[PDB]
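K.L.:
I am attaching a structure below and will ask some questions about it afterwards.
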Amino acid sequence: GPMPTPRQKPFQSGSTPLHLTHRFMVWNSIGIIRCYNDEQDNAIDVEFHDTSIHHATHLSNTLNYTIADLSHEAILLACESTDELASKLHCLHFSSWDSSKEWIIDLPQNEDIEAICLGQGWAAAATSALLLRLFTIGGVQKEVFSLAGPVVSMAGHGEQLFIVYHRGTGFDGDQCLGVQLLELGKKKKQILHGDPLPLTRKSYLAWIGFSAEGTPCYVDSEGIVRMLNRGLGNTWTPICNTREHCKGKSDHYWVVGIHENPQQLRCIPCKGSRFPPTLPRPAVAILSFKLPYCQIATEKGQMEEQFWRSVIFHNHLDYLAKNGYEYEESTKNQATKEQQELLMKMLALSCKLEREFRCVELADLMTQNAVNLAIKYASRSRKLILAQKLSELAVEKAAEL
Amino acid sequence: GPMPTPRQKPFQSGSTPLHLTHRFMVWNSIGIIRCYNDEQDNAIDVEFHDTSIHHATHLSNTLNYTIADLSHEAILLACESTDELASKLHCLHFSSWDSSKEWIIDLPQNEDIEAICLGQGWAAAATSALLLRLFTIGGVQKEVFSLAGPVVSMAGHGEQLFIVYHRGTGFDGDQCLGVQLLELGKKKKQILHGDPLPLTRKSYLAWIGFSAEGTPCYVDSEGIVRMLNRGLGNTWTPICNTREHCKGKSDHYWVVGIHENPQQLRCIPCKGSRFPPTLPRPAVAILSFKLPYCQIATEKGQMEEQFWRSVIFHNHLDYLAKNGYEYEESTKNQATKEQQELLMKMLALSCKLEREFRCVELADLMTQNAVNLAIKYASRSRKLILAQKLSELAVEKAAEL
Amino acid sequence: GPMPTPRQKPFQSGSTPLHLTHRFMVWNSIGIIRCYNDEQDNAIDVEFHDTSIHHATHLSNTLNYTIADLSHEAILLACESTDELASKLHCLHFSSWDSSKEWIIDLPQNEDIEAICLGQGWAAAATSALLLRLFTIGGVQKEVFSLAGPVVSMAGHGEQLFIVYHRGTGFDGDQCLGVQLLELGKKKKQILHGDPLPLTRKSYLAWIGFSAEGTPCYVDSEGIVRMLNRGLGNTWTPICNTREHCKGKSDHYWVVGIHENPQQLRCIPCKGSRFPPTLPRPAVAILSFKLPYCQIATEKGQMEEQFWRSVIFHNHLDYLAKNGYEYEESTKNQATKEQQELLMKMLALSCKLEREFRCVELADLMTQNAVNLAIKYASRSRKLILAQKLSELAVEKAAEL
């Protein structure tokens, strides 16, 4: 019969394989951590993206760390549970008010760290006992809970903690993963509470994290980037099949990060290997998103892609408004005006195509000012039926606005 | 040892398999869509149950429109991706006033289709890439999101969408199915977050859909009708073992529609098969539901079954009311009247049995007017302790209210 | 490679195996039910820990009941179906005011009860049709719905109904279990609606139930006790490792009850066996709960583990107050006082360690009135930056307040 797929070993997002004599511990927007290791010595460097965060710093890998993660508040490290020493979690809170910026924790006996991440104001790790441990940046042990399966990876941004694990057994080459998403805020909540994780056929998970604006996203082995549509009931929307940015199967991409505004994907181009060449220091490439949409060669399909790209990449403004962070409303005004002008162009093209019911549907998707301009567009060429029905739809909108 | 179950192939909701010269591609409450295919052409025939919806219509193409759906506003068809054509969706928005009396849209390369459905001004389709495509019925591309697994079937009604897919790996004949439901009104919501789908042991899903009053329902291969009981925090209540009816004289009762006002299952009696042949014209058998309540030979059990069947069906009126749609208060009043009468009559039966605690328990399920009538009955029958307990219940309810 | 596991058969909490001649059918906080079959008689003995509740009861086991549950309100019994007689549900509502304290129900033909449980005024039964049936404690049939898989066990407390089932097939020793937690109160809800249930590796589920204070809890075959953390988004927090408490690690404890205030784990030690013998009668041992924190022998570890233990246990006060159940305000006063004096001592230790950012992180959990004491403590010995930043924290808390 069909075989069960082997579960993929856990990874740190943006990292590189352990065995490389030089490797990148993690690529991230704050600063690049890299390591040299061989049969007789081992050392770690951190190379900050902006030196105003902190100057570049170097350490000897005294306790043989194998995992790490960075934020602009602190840098974390973690090691294996050796026979002489169980797994240790280490931190330099380099941005602290106090000079006692270093601290370390050692797990109970026969327990090993499998993943580690940072947010803002907290740290987190997932261990070999299917047990997740929260900490503060200064190393107070916060609450603890058990995971439903072995962890694949984890990430964080602000009060958001993202975990992905093996919810079950994969079959005939496909993996079987689930996702938890926790709010470590004023009220502890769990928007995703073990839901299944979509993946491309016979693929495996390759990268996770958040955009710089705090929206969760991930990439699988086929390069299809998916992002959490918070508008459509917290569901995973694809945003880029990165294979089309490649010259072919010769190339892969290793994501450094994603920016929801400006609409950018930042990654290392890699040839042959999925992970980049370890030396010399590679240069980061930047790519543009295009949502996978049908008939995209046509201008109407292209602007449909532009519209849904605009709203999906300004969902973060709604999330910022809800969570209480500072943001500028001019961004939402720009997004609404741009996507409503695009919707105006679609309505004009549909009107010229005589698909006036499609114009009324587009006007249902419109804001009131755009419906008024659509009524004027329907008045051009004297299409009175469409103009009357657009006016009626405007009245219906006014009844609720 | 244990054996993995093979995943079943997808089916369009309410359709026959492709292994016959003539098929029902969809049979809704609206009407029937047939397909006859041979070496000459593929002939699609639409027959409305009421011609006031629209007249009988016929299409014919070399394209094999392998998937179909029907609604009061429009007809919908779709065809698979071939070695030279990508998939295409086809529609006839017959109710329209513009030039959208026909519409065709492509889908990308390798975007093979499994199932499609219709909504109030909406349309939807599932892809072999595990992306759900959403559209307006006039034909704008709406949002896209990633499906958690291979979809087995799909359905729609109003502003709500119902999806069933393969959640994991089955074993020993059981199929590991998951269910997802979304609502797309003013606030876009996700009711079922990818939860498991109950099924009879070693059964396979045979039909899904909505009741005509707008709640999801489905039937498995053993003939067990189930529906999403939203009076129980959205759990699956079984309603009918269709193999019972007419002492199982027909080897199957191929469901085509469900109603609860009146209480009517619409189905086709099938002899020696799970589905009927498309010609000669099968007759619609109408069957009444029978919930699987215990000790059904007794008056007590029959009154219980009547009461709970009534309340699960007439709970839909409150759902329709609170979600902002039109509903009928006379039917709600009749439902309440029958429920109070059933509780009163079975209270009298339990009084005859001297099971006064059952009488108080039944009084908990009815209003203050019925409780006062029961108190006066208790006074007439000189059951003072029963009257006192009912009076204490009335005092507690009045203090709470 | 991996191999599928045999999904374990259903069980009942505090039972011992059916093959025994003389066994416990249930042992809980209420009392004990024993059953035996020998040449002298086939019978069931019910007895209560507090004899004021009800006298010891004895029943001839002619119908061969096999599953049982005990509550303050009633005794509930069930049997597997044989060929001539169906599976039957039997109840003794001894706390009733009417003389007809017994009632009996007979299930549909070849339907078979596989688990039962009791609650405040209701009873539940899970059957071989993957069907859960609700009854009033006086035997009126309440609502019916389909389970997502074969059950393993059930439990009830007040309005809460806790169900665990097989959501799938496990591999490589593990069991694939899902948890479903209903509330049957004034509005029907699902707190957990099929979430995966954590387990230790290669374990099986050994015990389920509620604390006396009404929080769901369970124990796996590796002796790890887990409780539902309602203050952390309804995740699962381990609260005790019974293996560390044993005289020798080959032996293990058999749980019968849980209490949060006082913190008690009620269990029976077993000499070389999974469960205790029925005679000579076991003695219930008390074990203290222990969160699995790191560096737990240090003063930091002692303080923080006690803090988190205290707060996760005193979540039940919040649940009771939110759902309208009465409670003594002295419990909340004592909980807040203990937590605050403890965290004041922890603040003193972090202050003397001169980690003032850790002090701010610790004091973030506190009320500003209590943070004023830490401000004065920082003023003592002139820890100026610590005093200033605790003052800023108090000002921010007052600004939010």
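In the structure tokens, the first chain shown is A, the next is B, and so on; residue numbers restart at 1 for each chain, and ligands run from 1 in the order shown.
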Can you check which parts of chain A lie within 7 Å of chain C? Per residue, the shortest pair of atoms and distance in Å to one decimal, counting only C-alpha atoms, sorted by chain and number, as a tab-separated table.
P.N.:
residue	atom	partner	partner_atom	distance
A:96	CA	C:357	CA	6.8
A:97	CA	C:357	CA	6.3
A:98	CA	C:356	CA	6.1
A:100	CA	C:355	CA	5.9
A:106	CA	C:294	CA	6.5
A:107	CA	C:294	CA	5.3
A:108	CA	C:294	CA	5.9
A:138	CA	C:358	CA	5.1
A:143	CA	C:308	CA	6.8
A:144	CA	C:237	CA	6.1
A:145	CA	C:237	CA	4.4
A:146	CA	C:236	CA	5.9
A:147	CA	C:198	CA	5.9
A:148	CA	C:198	CA	4.2
A:149	CA	C:198	CA	6.9
A:188	CA	C:232	CA	5.2
A:189	CA	C:233	CA	4.6
A:190	CA	C:233	CA	5.5
A:194	CA	C:195	CA	6.7
K.L.:
Limited to N, CA and C atoms, could you put the picked residues into a file as a PDB file, in the first residue's frame?
P.N.:
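That gives us selection13.pdb:
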ATOM      1  N   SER A  96      19.314  46.576  26.896  1.00  0.00           N
ATOM      2  CA  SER A  96      18.712  46.725  28.212  1.00  0.00           C
ATOM      3  C   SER A  96      19.060  48.060  28.860  1.00  0.00           C
ATOM      4  N   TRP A  97      18.200  48.454  29.801  1.00  0.00           N
ATOM      5  CA  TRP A  97      18.498  49.569  30.689  1.00  0.00           C
ATOM      6  C   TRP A  97      19.614  49.225  31.674  1.00  0.00           C
ATOM      7  N   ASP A  98      19.697  47.967  32.113  1.00  0.00           N
ATOM      8  CA  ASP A  98      20.718  47.532  33.064  1.00  0.00           C
ATOM      9  C   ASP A  98      21.945  46.974  32.344  1.00  0.00           C
ATOM     10  N   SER A 100      23.556  44.354  33.440  1.00  0.00           N
ATOM     11  CA  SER A 100      23.518  42.900  33.601  1.00  0.00           C
ATOM     12  C   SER A 100      22.727  42.254  32.457  1.00  0.00           C
ATOM     13  N   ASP A 106      19.227  26.471  31.987  1.00  0.00           N
ATOM     14  CA  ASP A 106      19.474  25.079  31.622  1.00  0.00           C
ATOM     15  C   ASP A 106      18.216  24.260  31.885  1.00  0.00           C
ATOM     16  N   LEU A 107      17.802  23.474  30.890  1.00  0.00           N
ATOM     17  CA  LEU A 107      16.557  22.724  30.978  1.00  0.00           C
ATOM     18  C   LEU A 107      16.693  21.549  31.949  1.00  0.00           C
ATOM     19  N   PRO A 108      15.573  20.932  32.348  1.00  0.00           N
ATOM     20  CA  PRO A 108      15.659  19.699  33.145  1.00  0.00           C
ATOM     21  C   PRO A 108      16.385  18.586  32.405  1.00  0.00           C
ATOM     22  N   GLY A 138      14.413  39.352  29.803  1.00  0.00           N
ATOM     23  CA  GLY A 138      15.333  39.254  30.916  1.00  0.00           C
ATOM     24  C   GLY A 138      15.407  37.897  31.579  1.00  0.00           C
ATOM     25  N   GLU A 143       4.710  31.326  31.389  1.00  0.00           N
ATOM     26  CA  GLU A 143       3.882  30.127  31.402  1.00  0.00           C
ATOM     27  C   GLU A 143       4.430  29.053  30.463  1.00  0.00           C
ATOM     28  N   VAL A 144       3.943  27.828  30.673  1.00  0.00           N
ATOM     29  CA  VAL A 144       4.378  26.632  29.957  1.00  0.00           C
ATOM     30  C   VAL A 144       3.135  25.889  29.489  1.00  0.00           C
ATOM     31  N   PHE A 145       3.198  25.312  28.289  1.00  0.00           N
ATOM     32  CA  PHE A 145       2.143  24.414  27.833  1.00  0.00           C
ATOM     33  C   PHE A 145       2.728  23.377  26.887  1.00  0.00           C
ATOM     34  N   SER A 146       1.994  22.277  26.732  1.00  0.00           N
ATOM     35  CA  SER A 146       2.401  21.161  25.890  1.00  0.00           C
ATOM     36  C   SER A 146       1.868  21.331  24.474  1.00  0.00           C
ATOM     37  N   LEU A 147       2.682  20.938  23.498  1.00  0.00           N
ATOM     38  CA  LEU A 147       2.292  20.950  22.096  1.00  0.00           C
ATOM     39  C   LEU A 147       1.653  19.620  21.718  1.00  0.00           C
ATOM     40  N   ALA A 148       0.784  19.665  20.708  1.00  0.00           N
ATOM     41  CA  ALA A 148       0.076  18.464  20.284  1.00  0.00           C
ATOM     42  C   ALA A 148       0.963  17.493  19.514  1.00  0.00           C
ATOM     43  N   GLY A 149       2.072  17.964  18.945  1.00  0.00           N
ATOM     44  CA  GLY A 149       2.982  17.109  18.220  1.00  0.00           C
ATOM     45  C   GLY A 149       4.390  17.671  18.216  1.00  0.00           C
ATOM     46  N   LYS A 188      -4.641  36.710  27.136  1.00  0.00           N
ATOM     47  CA  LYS A 188      -4.047  35.606  26.398  1.00  0.00           C
ATOM     48  C   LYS A 188      -5.111  34.942  25.534  1.00  0.00           C
ATOM     49  N   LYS A 189      -4.830  34.823  24.236  1.00  0.00           N
ATOM     50  CA  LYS A 189      -5.768  34.263  23.271  1.00  0.00           C
ATOM     51  C   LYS A 189      -5.011  33.370  22.298  1.00  0.00           C
ATOM     52  N   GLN A 190      -5.776  32.655  21.470  1.00  0.00           N
ATOM     53  CA  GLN A 190      -5.224  31.675  20.531  1.00  0.00           C
ATOM     54  C   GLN A 190      -6.121  31.685  19.290  1.00  0.00           C
ATOM     55  N   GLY A 194      -4.273  24.917  16.590  1.00  0.00           N
ATOM     56  CA  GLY A 194      -3.959  23.613  16.051  1.00  0.00           C
ATOM     57  C   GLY A 194      -4.595  23.312  14.714  1.00  0.00           C
TER      58      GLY A 194
END
K.L.:
Superposing chain A on chain C by least squares with every Cα paired in order, what RMSD results?
P.N.:
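It is 0.9 Å.
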K.L.:
Please provide the set of residues having any atom within 8 Å of range 212-214 of chain C, restricted to only C-alpha atoms, with same-chain residues fewer than 4 positions apart removed, written as an MDAnalysis selection string.
P.N.:
chainID C and resid 157:158 257:261 316
K.L.:
Go ahead and write the residues just picked, N, CA and C atoms, as a PDB file, in the first residue's frame.
P.N.:
ATOM      1  N   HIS C 157     -18.926  17.573  34.613  1.00  0.00           N
ATOM      2  CA  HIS C 157     -18.861  18.370  35.839  1.00  0.00           C
ATOM      3  C   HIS C 157     -19.723  19.603  35.614  1.00  0.00           C
ATOM      4  N   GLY C 158     -20.824  19.705  36.351  1.00  0.00           N
ATOM      5  CA  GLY C 158     -21.714  20.840  36.167  1.00  0.00           C
ATOM      6  C   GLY C 158     -22.323  20.821  34.780  1.00  0.00           C
ATOM      7  N   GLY C 257      -8.659  11.519  41.772  1.00  0.00           N
ATOM      8  CA  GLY C 257      -9.260  12.834  41.918  1.00  0.00           C
ATOM      9  C   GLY C 257      -8.213  13.927  41.949  1.00  0.00           C
ATOM     10  N   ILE C 258      -8.671  15.155  41.687  1.00  0.00           N
ATOM     11  CA  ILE C 258      -7.820  16.343  41.627  1.00  0.00           C
ATOM     12  C   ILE C 258      -8.504  17.475  42.386  1.00  0.00           C
ATOM     13  N   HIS C 259      -7.724  18.206  43.186  1.00  0.00           N
ATOM     14  CA  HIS C 259      -8.179  19.405  43.882  1.00  0.00           C
ATOM     15  C   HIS C 259      -7.151  20.512  43.712  1.00  0.00           C
ATOM     16  N   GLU C 260      -7.638  21.717  43.424  1.00  0.00           N
ATOM     17  CA  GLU C 260      -6.815  22.899  43.199  1.00  0.00           C
ATOM     18  C   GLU C 260      -6.644  23.739  44.461  1.00  0.00           C
ATOM     19  N   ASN C 261      -7.630  23.720  45.358  1.00  0.00           N
ATOM     20  CA  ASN C 261      -7.607  24.516  46.586  1.00  0.00           C
ATOM     21  C   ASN C 261      -8.246  23.696  47.708  1.00  0.00           C
ATOM     22  N   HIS C 316      -9.817  28.995  38.217  1.00  0.00           N
ATOM     23  CA  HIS C 316     -11.178  28.483  38.375  1.00  0.00           C
ATOM     24  C   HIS C 316     -12.096  29.507  39.031  1.00  0.00           C
TER      25      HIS C 316
END
K.L.:
Within 12 Å of residue 284 in chain A, counting only C-alpha atoms, which residues show up once you throw out same-chain ones fewer than 2 positions away? Write them as JSON, numbers by chain, please.
P.N.:
{"A": [27, 28, 29, 32, 49, 253, 254, 255, 256, 257, 265, 266, 267, 268, 269, 270, 276, 281, 282, 286, 287]}
K.L.:
Would you kindly return, as a list in words, each protein, DNA or RNA residue with an atom no farther than 7 Å from any atom of residue 271 in chain A, considering only C-alpha atoms and excluding same-chain residues fewer than 6 positions away?
P.N.:
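These residues fall inside the cut-off: residues 250, 251 and 252 of chain A.
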K.L.:
Next, write the just-selected residues to a file, as a short mmCIF file (atom, residue, chain, number, x, y, z; two decimals), in the first residue's frame, keeping C-alpha atoms as the atom set.
P.N.:
data_model
loop_
_atom_site.label_atom_id
_atom_site.label_comp_id
_atom_site.auth_asym_id
_atom_site.auth_seq_id
_atom_site.Cartn_x
_atom_site.Cartn_y
_atom_site.Cartn_z
CA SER A 250 18.83 25.63 -11.50
CA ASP A 251 17.93 28.35 -8.97
CA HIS A 252 16.24 28.51 -5.57
#
K.L.:
Tell me which protein, DNA and RNA residues are within 12 Å of residue 333 in chain B, counting only C-alpha atoms, leaving out same-chain ones fewer than 5 positions away, and put them as a PDB file with C-alpha atoms, in the first residue's frame.
P.N.:
ATOM      1  CA  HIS B 314     -37.426  25.288  13.749  1.00  0.00           C
ATOM      2  CA  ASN B 315     -34.184  26.582  15.277  1.00  0.00           C
ATOM      3  CA  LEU B 317     -35.885  30.495  11.890  1.00  0.00           C
ATOM      4  CA  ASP B 318     -33.968  32.145  14.735  1.00  0.00           C
ATOM      5  CA  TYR B 327     -38.322  34.935   8.473  1.00  0.00           C
ATOM      6  CA  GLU B 328     -41.911  33.929   9.244  1.00  0.00           C
ATOM      7  CA  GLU B 338     -46.340  22.352  19.194  1.00  0.00           C
ATOM      8  CA  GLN B 339     -43.302  22.234  21.489  1.00  0.00           C
ATOM      9  CA  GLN B 340     -45.272  23.482  24.514  1.00  0.00           C
TER      10      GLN B 340
END
K.L.:
From a DSSP pass on the backbone, collect the residues of range 75-308 of chain A flagged as helix (DSSP H, G or I) and hand them back as an MDAnalysis selection string.
P.N.:
chainID A and resid 242:245 299:308
K.L.:
Give the strand (DSSP E or B) residues of range 26-84 of chain B, as DSSP finds them on the backbone, and put them as a PyMOL selection string.
P.N.:
chain B and resi 26-27+31-37+42-48+57-61+67-71+74-79
K.L.:
How many Å separate CA of residue 43 in chain C from CA of residue 11 in chain C?
P.N.:
20.5 Å
K.L.:
For residue 153 in chain A, work out the shell of residues within 9 Å, counting only C-alpha atoms and skipping chain neighbours fewer than 4 positions away, then give it as a ChimeraX atom specification.
P.N.:
/A:10-13,114-117,126,162-165,207-208
K.L.:
Restricting it to C-alpha atoms, dump the selection as an mmCIF file, in the first residue's frame.
P.N.:
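Result saved to part_34.cif:
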data_model
loop_
_atom_site.group_PDB
_atom_site.id
_atom_site.type_symbol
_atom_site.label_atom_id
_atom_site.label_comp_id
_atom_site.auth_asym_id
_atom_site.auth_seq_id
_atom_site.Cartn_x
_atom_site.Cartn_y
_atom_site.Cartn_z
ATOM 1 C CA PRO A 10 12.817 20.765 12.800
ATOM 2 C CA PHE A 11 14.658 23.861 11.604
ATOM 3 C CA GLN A 12 15.209 27.497 12.520
ATOM 4 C CA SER A 13 13.625 29.843 9.992
ATOM 5 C CA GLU A 114 14.298 21.923 19.351
ATOM 6 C CA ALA A 115 13.249 25.470 18.396
ATOM 7 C CA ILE A 116 13.552 29.026 19.697
ATOM 8 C CA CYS A 117 12.231 32.453 18.729
ATOM 9 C CA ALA A 126 10.040 24.432 22.136
ATOM 10 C CA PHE A 162 3.718 31.327 15.770
ATOM 11 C CA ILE A 163 4.345 27.560 16.034
ATOM 12 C CA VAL A 164 4.134 24.821 13.392
ATOM 13 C CA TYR A 165 4.243 21.131 14.319
ATOM 14 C CA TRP A 207 10.408 29.002 5.880
ATOM 15 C CA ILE A 208 8.084 30.671 8.398
#
K.L.:
Could you tell me how far CA of residue 141 in chain C lies from CA of residue 297 in chain B, in Å and to one decimal?
P.N.:
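Computing the Euclidean distance for CA of residue 141 in chain C and CA of residue 297 in chain B yields 14.3 Å.
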K.L.:
Quick check, in Å to one decimal: how far apart do CA of residue 140 in chain A and CA of residue 324 in chain A lie?
P.N.:
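That distance, rounded to one decimal, is 25.5 Å.
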